[PDB]
Amino acid sequence: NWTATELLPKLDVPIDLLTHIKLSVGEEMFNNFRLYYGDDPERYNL
Amino acid sequence: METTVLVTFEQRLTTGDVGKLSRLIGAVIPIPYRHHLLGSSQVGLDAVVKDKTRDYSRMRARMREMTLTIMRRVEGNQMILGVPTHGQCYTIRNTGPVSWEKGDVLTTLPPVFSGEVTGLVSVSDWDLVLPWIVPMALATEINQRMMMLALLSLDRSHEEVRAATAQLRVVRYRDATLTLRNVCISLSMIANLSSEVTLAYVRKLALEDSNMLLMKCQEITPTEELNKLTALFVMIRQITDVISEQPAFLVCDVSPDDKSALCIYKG
Amino acid sequence: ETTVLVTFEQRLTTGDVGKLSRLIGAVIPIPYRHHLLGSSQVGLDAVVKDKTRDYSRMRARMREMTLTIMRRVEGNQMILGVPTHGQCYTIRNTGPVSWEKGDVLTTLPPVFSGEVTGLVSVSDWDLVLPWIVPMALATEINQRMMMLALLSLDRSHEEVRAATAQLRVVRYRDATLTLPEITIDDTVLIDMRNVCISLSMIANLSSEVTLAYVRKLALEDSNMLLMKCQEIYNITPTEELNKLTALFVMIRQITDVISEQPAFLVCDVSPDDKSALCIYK
Amino acid sequence: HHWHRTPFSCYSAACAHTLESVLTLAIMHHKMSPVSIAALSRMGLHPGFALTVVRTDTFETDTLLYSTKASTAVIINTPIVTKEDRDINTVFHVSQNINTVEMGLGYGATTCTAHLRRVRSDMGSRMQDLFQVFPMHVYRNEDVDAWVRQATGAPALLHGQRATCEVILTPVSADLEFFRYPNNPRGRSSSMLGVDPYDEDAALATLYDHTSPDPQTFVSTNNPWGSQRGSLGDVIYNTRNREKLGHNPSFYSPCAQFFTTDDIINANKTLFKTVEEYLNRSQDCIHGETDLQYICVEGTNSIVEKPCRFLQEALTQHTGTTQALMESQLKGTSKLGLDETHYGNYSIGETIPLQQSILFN
Amino acid sequence: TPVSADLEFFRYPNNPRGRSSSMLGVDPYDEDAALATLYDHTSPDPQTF
Amino acid sequence: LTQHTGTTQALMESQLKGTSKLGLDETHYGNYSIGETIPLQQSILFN
Amino acid sequence: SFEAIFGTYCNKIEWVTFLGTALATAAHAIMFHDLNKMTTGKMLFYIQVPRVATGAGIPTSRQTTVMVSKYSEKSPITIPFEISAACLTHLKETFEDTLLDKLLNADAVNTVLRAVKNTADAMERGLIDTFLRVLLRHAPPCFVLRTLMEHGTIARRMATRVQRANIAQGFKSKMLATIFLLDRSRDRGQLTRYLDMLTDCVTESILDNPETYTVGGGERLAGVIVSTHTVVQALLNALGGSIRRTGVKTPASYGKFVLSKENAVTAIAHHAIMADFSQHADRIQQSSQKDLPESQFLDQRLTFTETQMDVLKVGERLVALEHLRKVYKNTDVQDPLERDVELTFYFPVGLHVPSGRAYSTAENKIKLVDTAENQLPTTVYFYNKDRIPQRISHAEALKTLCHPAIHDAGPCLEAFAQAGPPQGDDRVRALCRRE
Amino acid sequence: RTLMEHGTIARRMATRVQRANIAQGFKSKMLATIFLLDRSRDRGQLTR
Amino acid sequence: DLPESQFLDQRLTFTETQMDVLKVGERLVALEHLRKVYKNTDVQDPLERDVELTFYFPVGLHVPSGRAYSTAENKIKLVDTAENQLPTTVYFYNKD
Amino acid sequence: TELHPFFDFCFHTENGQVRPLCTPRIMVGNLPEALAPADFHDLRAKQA
Amino acid sequence: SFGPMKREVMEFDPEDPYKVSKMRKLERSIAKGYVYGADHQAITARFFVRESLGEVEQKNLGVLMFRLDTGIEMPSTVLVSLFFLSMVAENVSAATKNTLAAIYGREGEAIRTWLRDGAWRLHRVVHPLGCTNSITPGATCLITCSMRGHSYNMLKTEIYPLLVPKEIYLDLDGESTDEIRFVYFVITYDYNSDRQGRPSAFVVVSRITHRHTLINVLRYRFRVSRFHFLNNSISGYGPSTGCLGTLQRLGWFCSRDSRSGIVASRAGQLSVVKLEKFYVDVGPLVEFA
């Protein structure tokens, strides 16, 4: 459930990257991600 | 209370997969070797079911080495197991193809993919393929069908011999029907060599007969003489290793729906 | 009874009890199985000093012994708990075989490569322990007693001794032991008959598919077992079921001739390879 | 079905006469029997092929490992107790269930190969006897079987464990190029970093489509006898084909990490999960307490493997063909780097200067 | 023997027995493995193979 | 320790012609030099 | 005569503690007594991307937004410790006035105590070992990390074939130039350069406490280099002017993960936990997205002590050192940093040089004899682990040649029959009936 | 030096591979460590 | 633990003497002229010690011609004599 | 084609089928000059 | 500190093999009143037995139960007493056979004459299930059958013996001593005409523990069957038979307690052998010939 991330609050932290944030999901620094470009109307559907 | 084996889930067991492990609370578990921590890659029989040239008996020679163990409870990231104390009762789960009945002796066998190919809660090539806790008289029966199919496996070119095999893999027991190499070399070394080497030993022994049985037994290079008898007896040892199925349980009573049965543990 | 307190009854030494203090967990047989026994009965040595003294009579004798496990060796008291069938017990190694975790162990009479002082020949009495071998060395050393008794049937007087010496150095795991200069005895002979009878019936039950299987396989395949064994139809399967099954009655019996009693089944082996958790008397 | 195949005649039609073609046709009439190669190399007569001996070399090595501040949270619990009863020596097993949740976004740690402690391998030139590797395969004739197994392969160690394997290759193959630069001994370089991060048919096009070009040379195949699917390197040194066939799994094989089709198809998962696969399934090590070289049985250390499974290249060491070349390399105190070729000879330079570095240390 | 390889034997230091009989790599206590290293030539040779 | 050795004095002059080093093993056809393990010629020339 | 049993010198065990060791600056140890009840732990992250477009006619992306869940992997431990039943027998039995009651009572007590104390030692060292193995199994090697830093920065999407080809070239070059680093003779300044490269190419994680793991002076650490004996002392002897022994504050206790009254009913209701729930629910009854000030892993009331550590300074980033053989000496288990790394070599033997294009460089050095033994490159020479020349040939290679798996063709028949003719029209013509 | 470098790391009976490496360590360490005063010597090398 | 073991509590009355020291490995190490206690005695200083060493070398060692060669051919140019072509002698310098 | 040195392999369009033939190269010269060149055979003849 | 103080608690639970069984039974006997079936090292099981099978075993208590693999799919598992298959074996006198054929046979059994004598014994239809205690006569007989251990009254009030009938016992009664005495169970066939013979059953007691030394004392007794076993090997070519004898462990008793007795049943009485302190312990099948 990515809505539980993007709708609830979070924790402002310093992050780090090897290469790149959109390459982190295409070269797969992590698997089971979620990528979206237009601001998602799905999180507004509760 | 009893012995304890913890299983560390190297793979992520989803709560729905835990929902299938929390249904198998009674079921047996093939463990490779007794140790308190084991991986999920260790636990189960999938490390035995895996080779391009792996034969039924060779898997059965491996599973005979594997310690039988019983599921106790699945707590999330862990599976708790109990190596069963000999002589105690245990609620094991009938995950074989055969309904059990009150008083029967149960034998562990490797699951056969002949018409009943089955897996489990699998993730990343590890499932928990579970041995057929089968009745003992059918366990010897299944063994004999596998060897006789393999003894007839070379003469596929006759259709009548193929029609002899066509009856042969039909295995039918109470409320259950299922379909089913050096061991057959071991059968043939005993069949041919005992035909030739006994004749110089029956005619010498048949004079003195204490039990009075050598009389109709006749009705039925010394280096190479012993070389036959050495490779006679050692092949008899090789077949008896893969015949005596080492009985595993004794079902006292069966739980209804035939999912479970209280089984006093033997051997 | 299970716990067996043992009288020593001989004049032991400090060097005696120091050895058993490190040997706690060894296998001692007792014949009578009381709570209170003396060391005349406790121990296996008191019958391996017989005058005939062949493997044929020592092996058949000690299957009426009852095995115990050495416990609580301080001073003059020997606690010997009689094991129960199916609990886990650890066993200290008495014979140099590493026991190879996961297999069935048995009881071997005595080393019989000479007469080993099992503890110390105390007052001309040592306490000798059985060998506990992993059933492969047990069956093989019992095989060769009948191999070389079948040999002496059809040999004159020397090709026995030229072929026993071929077969007596049994090179097993960690051990090269010796057949005990095979004496032809009647306990072998009553059972060598039934072996020769069991070889006869397999020839009867070999219904020309079980026969010709290697001799059809050599035409098609080239295997190591198939080539070493070169030197060494019917639509009735239901009858072949019963003939193979009756053949399986014989080979589960003719193995049982030369096999021994299944005994301590290995739970775990220490990396020291000396103390071995074992179940199943 | 003819005994005389086409290159006999298509050699004779352009042969050079007068005492050399007359005899070299009869030398082209040398048999290709296994016993013919046996007696042939036994008398030192070079048979009609050239083989490439491959070899691993185990280096016990200090590996330094940075790890960032408060990288991964080792969540733990109370170490609980259980009691197994072994009837005179009871054992309390005690356990601590721990998970490790991941570090941050990036990798918060790094391993660095720093200091060679030992070389467990001897860098020996032993041979991997396939009579012992495949113990089942013998010849159909008893007499030929006994002649071969007495011809070869019918307690002692001084430099650590002996290491070897084998590939057969055509005697044309460029020592002038291909062996100078570090490669795949399959002949065709099959590196998964070159191919797309998931495309299995493209990866099979890298390995076995020889009408597809080779990476990193574009000479599409160096050994056709050992690069193709079902080539001689493939039917023997792939473990998939070697396991179709009957072998002993105990022996280590430095060829397997090249010739295994499926184990290098499985190294085609998403460039970072590629290196996470390199860290996870690095449990194919060599057992410590063995004389020869048998694989590890139950792991206990995720060792850093070689660039194979990752870069799919094997190194080359210094390889002088004749001792003329070798003694001109090591005349005095000199390097093992000179590439020098005498007319029929070659010196293949070492890539990592181990003969310099281990001498230095 | 005059054919003996200075390449394979003489430029590096070695046992002048010809067969390397160093007792530091062998099964130490094993006198049978020790004699297998020294005088058994069907056994392989240490340090040169 | 296989010492410094020349089969021929040609090789021996090739080794120690002047202040040169020793271990050059440098085979001729039937002639061969043997390099010393320890540079004892250098260490006794020195100290 | 006499024997002189002198003083039995019972060498007392050297104690360890996980938080006292230097690996705990990379660890973050949290007690959670229902870890035996979790599935996993799967921290989700919301990353607003660094957003830019520009230009006229440049293809402008729309506003990318990333959410990313990281999982937890277990590695739980069990040691045994054995007590003899004969040892327990006198603690059960407890004789009246008898050497046994006087000494072996307390000695069976002390045998138990020694078992528990070596048990706590092994629990701490197993925690050391498992945290080190999780670091190693989740630490890619340095040349890999260097190449991913270097040639992977600009590549936005899934990486292109050409790009990842240069990535392969980068791994190759960095591995060849950058293997056996301390074994290779390098300058003090150049080793400082490479440690700058390590600590820069690594990525400093999410959790960062200003209170703990700071040097006296408010100067916070950035992780630890852990190593073995020779490499630690060589680093010390190289960089001893920069390595200053200092007591560093460390947590003397574990963090805690708590299940709320709410949160237990949550885990019952739908089998999950959201951490920091009431700190979400106050935001619910407030305006929603006001980010939480103290996370469940960041609000830690950790007690603290100090331990003397060898810190250093690379990349202007303070890094501790660790000589973990202090906890691995006399232990059964080898160091996971002492790591065997095998490498595969290849070479050709018997490989006929193409004589038409042939030549001889170094014929000034080489004077070979005009014999076909020299003209065919049949044998090949080499050095072992030491400099022992070692000859290889087909004669020694007979053990792999004469085997019948060479001169079998069954699998080769099968592969050639399966993989049929490729669709080359020369082949399609050459399809013929002659044999 | 060979023993400090390899030997007490293991505690069991010395491995067929390991004691062979011990013999090689004796060879290398002896041939590099015989006659230190007579061989070339830095003050730093002597203190090391 | 016995706080007074009998070897451990060997109380020794103390004096001083001027000795050499070295700071090596942060472990202070003294020196000793042992010559000055073996001066003019029959027993030599055992630290002075003969160290025997075995040296082998071949002579008359034939090389197979088909793989034979000659490097250092710029250094050597023999007489074409089979006395040169077989090894018969072997030359080596002495101590000096 | 060249899967194996010692064995030759090609398809043969029989009566409705391209059956493979695994026909053994019996002599060493049955390899092409592309794999066993003319100078290689001459040089091997000198070795004999 | 923390770790070792917790491990003292898991250490110092001495003097018992676990003190997990004994203590936690008491905390449920304080909870629920004094609980029966808890002070019981022996092992039992409750079985649904019909009224037509309910006899004997009901009245006189402590006796074997046997499962059937009857070749009919619907009643495929019929309970058989050791008294019951005396109407199958050749050993049993025809009066003794028809004594108990008239006890069981009252209009709910005699199928089981016709589907044990007719549907022959392959010595795999019978399974040694165990011995009884505490029959429950009601709408359905509900037999608590012991598996491993002794048969006894609840409250540990009386050891229930093993009721071996006389005809099946004395033809393989062992030797006379005063030791422990293992009860084995032996089925021997006399392969004469009718494809199995008249499958003869035996309750054999012996001091002998070991396997092949025990079948050797059967190789004394069964030559009459063994010479007939060799006969059908040549009397029928193609058809074969199976096993000659079939040995399995059944339990043991204290061997000074071996004394004769009688049951007092319908259709007359029946002379039995009463083996008092009978530890039930089922063993595996030993097929031999």
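Residues numbered from 1 in each chain as written, not as in the entry; some residues may be left out. Chains lettered and ligands numbered in written order. Part of a larger assembly, values for the part shown. Heavy atoms only, no water.

- For this deposition, the record names cryo-EM as the technique by which the model was determined and cites 5.0 Å as its resolution.

Looking at the overall build of chain J
Stage number 1. Within chain J one finds 1 helix and 2 strands.
Stage number 2. Reading chain J from its N terminus to its C terminus gives the helix and strand order β-β-α.
Stage number 3. Considering only C-alpha atoms, chain J reaches an extent of 50 × 15 × 15 Å along its principal axes.
Stage number 4. Here chain J holds 48 residues, and 56% of them are scored as buried.
Stage number 5. By sequence separation, contacts in chain J at least 24 residues apart represent 12% of the contacts at least 6 residues apart.
Stage number 6. Counting every atom, chain J has about 1,900 Å² of accessible surface; 52% of that belongs to carbon and sulfur.
Stage number 7. Seen as two clouds, the 4 positive and the 6 negative side-chain charges of chain J have centres 6 Å apart. (Helix = DSSP H or I, 4+ residues; strand = E, 2+ residues; numbered from the N terminus. Buried < 20%, exposed > 50% of the residue type's maximum accessible area, 1.4 Å probe, protein only. Contact = heavy atoms within 4.5 Å. Areas by Shrake-Rupley, 256 points an atom, 1.4 Å probe, with all protein chains shown as cover. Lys, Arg positive; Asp, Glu negative; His and termini not counted. Charge placed at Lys NZ, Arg CZ, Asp CG, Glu CD.)

Remarks on the state of the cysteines
Stage number 1. Counted according to the given criterion, the structure contains 0 disulfides over all chains.
Stage number 2. Here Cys252(B) stays unpaired: no disulfide links it, and the sulfur of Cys89(B), its closest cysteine neighbor, is 4.4 Å away.
Stage number 3. For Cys87(G), which is in no disulfide, the shortest distance to another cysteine sulfur is to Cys10(G) and amounts to 17 Å. (Disulfide = S-S within 2.5 Å.)

Thoughts on the nonpolar core
Nonpolar side chains in soluble globular proteins tend to end up buried together.
Stage number 1. If you look at the biggest cluster of nonpolar residues, it comprises 165 residues, and the most contacted ones within it are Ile239(B), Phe47(K), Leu82(K), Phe83(K), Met147(K) and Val164(K).
Stage number 2. In this structure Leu82(K) touches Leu64(K), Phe66(K), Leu163(K), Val164(K), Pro165(K), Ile168(K), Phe185(K) and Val203(K), once residues within four positions along its chain are discounted. (Core = buried A, V, L, I, M, F, W, Y, C linked by side-chain atoms within 4.5 Å.)

Here we look at the arrangement of the chains
Stage number 1. Inter-chain contacts occur across 28 pairs of chains; the most extensive set of contacts lies between chains D and G.
Stage number 2. The two partners chain B and chain E share no contact, and the minimum distance between any of their C-alpha atoms is 26 Å.
Stage number 3. In this view chain F stays clear of chain K, with the nearest C-alpha atoms of the two still 57 Å from each other.

A short note on the interface of chain G and chain D
Stage number 1. Each partner contributes residues to the interface: chain G has 162 residues there, and chain D has 176 residues.
Stage number 2. Interface area for chain G against chain D, summed over the two sides, is near 16,100 Å², with a carbon-plus-sulfur share of 63%.
Stage number 3. Taken as a group, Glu342(G), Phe345(G) and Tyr346(G) account for 7% of the area that chain G buries against chain D, more than any other trio of residues on that side.
Stage number 4. At the junction of chain G and chain D, the tally comes to 6 salt bridges.
Stage number 5. Where chain G packs against chain D, one counts 73 residue pairs in polar contact.
Stage number 6. Of the residues forming the side of chain G that touches chain D, the biggest block, 12 residues, is contributed by strand 12 (residues 338-349) of chain G.
Stage number 7. Of the residues belonging to the side of chain G that touches chain D, the class tally is 100 nonpolar, 37 polar and 25 charged.
Stage number 8. Bridging between strand 1 (residues 50-67) of chain D and strand 12 of chain G involves 12 bridges; their strand directions are antiparallel. Bridging across to strand 12 of chain G, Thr56(D) finds its partner in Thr344(G). (Buried area = accessible area lost by both parts, 1.4 Å probe. Salt bridge = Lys/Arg side-chain N within 4 Å of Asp/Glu carboxyl O. Polar contact = N/O pair within 3.5 Å; in protein donor to acceptor, adjacent residues only side chain to side chain. Nonpolar A, V, L, I, M, F, W, Y, C, P; charged D, E, K, R; others polar. Pairing = 2+ DSSP bridges.)

Section: helix 9 (residues 237-258) of chain C
Stage number 1. Compared with the 32 Å implied by 1.5 Å per residue over 22 residues, the 31 Å span of helix 9 of chain C between its first and last C-alpha is a close match.
Stage number 2. The buried count for helix 9 of chain C comes to 19 of 22 residues, which makes it a mostly enclosed element. (Expected span 1.5 Å × (residues − 1).)

Some points on unusual backbone geometry
Stage number 1. Notably, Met123(D) is not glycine yet its phi reads approximately 55°, a positive angle.
Stage number 2. Notably, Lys156(K) is not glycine yet its phi reads approximately 50°, a positive angle.
Stage number 3. Within the fold, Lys156(K) resides in the loop between strand 5 (141-152) and strand 6 (159-160).
Stage number 4. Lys156(K) gets classed as partly exposed once you look at its relative accessible area, which sits at 48%.

A closer look at a negative patch on the surface
Stage number 1. On the surface, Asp175(B), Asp257(B), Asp258(B) and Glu73(K) cluster together into a negatively charged patch.
Stage number 2. Tracing the backbone through its elements, the reader meets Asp257(B) in the loop between strand 11 (249-254) and strand 12 (260-265).
Stage number 3. Classification of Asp257(B) by relative accessible area gives exposed; the value is 77%. (Patch = residues over 30% accessible without salt bridge, like charges linked within 9 Å, V, L, I, M, F, W, Y side chains within 5 Å.)

Here we look at the pairing of strand 10 (residues 176-179) of chain B
Residue and element names in this part refer to chain B.
Stage number 1. Because side chains alternate across strand 10, one face comprises the buried residues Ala-176 and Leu-178, and the other comprises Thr-177 and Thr-179, none of which is buried.
Stage number 2. Where strand 9 (residues 170-173) meets strand 10, 4 bridges bridge the pair, whose relative direction is antiparallel. Residue pairing in the sheet places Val-171 in a bridge with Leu-178 of strand 10.
Stage number 3. Hairpin geometry of strand 9 and strand 10 is characterised by an intervening segment of 2 residues between the two adjacent antiparallel strands and by a positive phi of about 60° at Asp-175.

Digging into the environment of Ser255(K)
Residue and element names in this part refer to chain K.
Stage number 1. Mapped onto the elements, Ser-255 comes out in the loop between strand 10 (245-253) and strand 11 (258-263).
Stage number 2. Along the primary structure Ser-255 and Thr-132 are separated by 123 residues, whereas in three dimensions their C-alpha atoms are 20 Å apart.
Stage number 3. The contacts of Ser-255, once residues within four sequence positions are left out, are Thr-177, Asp-178, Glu-179, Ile-180 and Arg-181.
Stage number 4. A polar side-chain atom of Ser-255 sits 3.5 Å from the main-chain carbonyl oxygen of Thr-177.
Stage number 5. Among the polar contacts made by the side chain of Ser-255, one reaches the side chain of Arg-181 at a distance of 3.2 Å.

Points about the side chain of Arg125(G)
Residue and element names in this part refer to chain G.
Stage number 1. Examined against the element boundaries, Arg-125 turns out to sit in helix 2 (residues 99-137).
Stage number 2. In this structure the side chain of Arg-125 is engaged in a polar contact, spanning 2.7 Å, whose partner is the backbone oxygen of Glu-14.
Stage number 3. What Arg-125 contacts, discounting residues up to four positions off in sequence, is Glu-14, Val-16, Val-327, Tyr-328, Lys-329 and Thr-331.

Digging into the pattern of salt bridges
Stage number 1. Scanning all chains against the criterion turns up 70 salt bridges over all chains.
Stage number 2. For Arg34(B), the salt bridge identified is with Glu84(D), shortest N-O distance 3.4 Å. One end of the pair, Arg34(B), is in the loop between strand 2 (28-31) and strand 3 (37-39); the other, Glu84(D), is in strand 3 (residues 80-84), on a second chain.
Stage number 3. When the shortest N-O distance is used, the salt bridge between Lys367(G) and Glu73(I) registers 3.5 Å. Remark: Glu73(I) occurs in the loop between strand 2 (27-29) and helix 1 (82-85) and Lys367(G) occurs in the loop between strand 12 and helix 10 (372-375); the pair is interchain, linking two chains.
Stage number 4. A residue is classified by how much of its surface remains accessible, and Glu73(I), at 27% relative accessible area, is partly exposed.
Stage number 5. Through salt bridges with shared partners, a single ionic network connects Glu6(A), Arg34(A), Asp40(A), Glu42(A) and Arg43(A).

Describing the environment of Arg53(C)
Residues and elements named next belong to chain C.
Stage number 1. Tracing the backbone through its elements, the reader meets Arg-53 in the loop between helix 2 (45-48) and helix 3 (55-61).
Stage number 2. Along the chain, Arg-53 and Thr-183 lie 130 residues apart, while their C-alpha atoms are 9.4 Å from each other.
Stage number 3. Excluding residues that lie within four positions of it along the chain, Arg-53 makes contacts with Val-48, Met-58, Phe-112 and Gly-114.

What to know about the sheet that holds strand 11 of chain K
All names here are of chain K.
Stage number 1. Here 3 strands make up an open sheet; going across it, the order is 7-12-11 and the pairing antiparallel. Here the strands that pair on one side only, and so sit at the sheet edges, are strand 7 (162-165) and strand 11. Sheet twist, expressed as the mean angle between neighbouring strand axes with direction ignored, is 40°. (Axes fitted to C-alpha atoms, helices over the stretch in contact; angles between N-to-C directions.)

Section: the side chain of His280(G)
Stage number 1. Mapping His280(G) onto the fold places it in helix 8 (residues 278-285).
Stage number 2. With relative accessibility at 7%, the residue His280(G) sits in the buried group.
Stage number 3. If near-sequence neighbours (up to four positions away) are discounted, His280(G) is found in contact with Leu8(A), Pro9(A), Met274(G), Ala275(G) and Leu292(G).

A short note on the packing of helix 4 (residues 136-151) of chain C against helix 6 (residues 186-205) of chain C
Residue and element names in this part refer to chain C.
Stage number 1. Where helix 4 meets helix 6, the closest approach of the two axes is 11 Å, and the angle between their N-to-C directions is 85°. Viewed along their axes, helix 4 and helix 6 adopt a mutual orientation that is roughly perpendicular. Within the contact between the two elements, helix 4 uses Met-146, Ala-149 and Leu-150 and helix 6 uses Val-188, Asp-191, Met-192 and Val-195.
Stage number 2. Here the contact of helix 4 with helix 6 is built from residues that sort into 6 nonpolar, no polar and 1 charged. (Parallel < 35°, antiparallel > 145°, perpendicular 65-115°, else oblique.)

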